[PDB]
């Protein structure tokens, strides 16, 4: 049995996705076929209800000099983070000399707006190649992990932060207690720690098991985040559901008692309770539906091949490593994957070794079908790929069900 990373409680497994590769490792075709693998399985703590993986991948295996995800590759996300930055400039960052720290700034998708407002800030970005892209934009960035000690160092030299923000980062960090002790050291007494990450309620409702992989250690809910804050000196004082990345919640933590929670917190807590979101039976039902999607997806991809139809994929997502490796889906069924990220092109996907080609290569003559791994970006991708569909090309989705359209 594994100990909960939040409270030390016991974690009960409910889904085992088997042996998996690093999701963001893209190999050159000529590289030795040797990969780090680990067991990906997910459990729920008995005491605090935190849904979490049962085996940690060490941070430095995932995040380092060549980490390939470039946030600013999606226009929807550029706009989503610009808007969030302007909202913070209008509310939490209005004093004399405000200071915002972002955990996991990546290429500077959010902090660019803060920098262009002349607000003092610092991005933590331990993946140095994307850090350098943020620094090219004028952003102040430290190429370190946020944790207790690096938070203390920033408090020492920069003073308190009015906002600490983390998007698609806190749930990557098993050492969430260290991060919380760092937020406690660094946050102003009237500041907020705000984070947004894939939401358990969405994962369960959409059976989007691809949101489960090495970099998503936690699948947060309002119930577990409320517990986590409380256990650590903070309080959950707002929630906002976001449509990005398949469904997220943005959580606002304050020092306990310093602000009164919005009605939104209790409403979401009560909906989670009402729908038995984190009950083990629900979480098992979700696991059973994950297997049903596997079996339906592979039967379709097999039938397409038997009927002489070409199939490729669209989006070399981190997410897709779970799909191809759990389902057994390799270049015999999905010939290539198209992606706009230069450092993933002319590479093979992890585990399954499907070749990745630039999206500019997805063009007449089109394949019959494209398996949409970037299904959280459907609207943005399809708007750019209307010629494909007008030609008769069709999308295969596996969220929330296997279907073609």
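Numbering follows the first chain given and starts at 1.
Stretches 254 to 262 and 217 to 225 differ in mean C-alpha B factor, with the higher average recorded for 254 to 262.
Relative to one another, 10 to 18 and 385 to 393 have unequal mean CA B-factors, and 385 to 393 is the one with the higher figure.
By the numbers in the PDB entry, the CA B factor is greatest at 33 among 33, 368, 49, 339.
Taking the deposited Cα B-factors for 202, 276, 210, 125, the highest one is held by 276. Per the deposited record, the Cα B-factor of residue 314 falls in the lowest third when ranked against the other modelled residues of its chain. In this PDB entry, residue 304 carries a Cα temperature factor that places it within the lowest third of its chain's modelled residues. Residue 88: CA B factor in the middle third of modelled residues in this chain (values from the PDB entry). Among all modelled residues in its chain, residue 353 ranks in the middle third by Cα B-factor. When the modelled residues of the chain are ordered by C-alpha B-factor, residue 27 sits in the highest third.
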